[PDB]
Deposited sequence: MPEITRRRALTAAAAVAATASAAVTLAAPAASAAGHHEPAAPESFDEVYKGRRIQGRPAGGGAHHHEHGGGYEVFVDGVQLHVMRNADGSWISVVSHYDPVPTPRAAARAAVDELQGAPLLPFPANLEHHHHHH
């Protein structure tokens, strides 16, 4: 079963996640732009801007992406 959806403002940016590059079952958006994310076999997550650094949830991956971006707009993949 997919993780739950989420919607919050994190560090001034809107991050959204929902159940739905790979056939991969969950979508995340930063200010409306989709961020590629992926789930690992042990249930951890990564995103294309933190791809070598597993975190426990898709919200954690979205937050890690906002941290990485330092205010920059995400470009669509």
Stretches of the record's deposited sequence for which the structure holds no C-alpha atoms
1 to 39, 60 to 66, 124 to 134
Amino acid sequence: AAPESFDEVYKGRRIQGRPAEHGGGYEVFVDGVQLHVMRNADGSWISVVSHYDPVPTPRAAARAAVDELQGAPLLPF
From here on, numbers count along this sequence of modelled residues.
Would you please confirm whether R59 lacks atomic coordinates in a third or more of the other entries that were compared?
no
Is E68 without coordinates in at least a third of the other compared PDB entries of this protein that model the residues flanking it?
no
5 to 13 versus 55 to 63 - greater average Cα B-factor per the deposited record
5 to 13
Average Cα temperature factor in the PDB entry - higher stretch of 21 to 29, 65 to 73
21 to 29
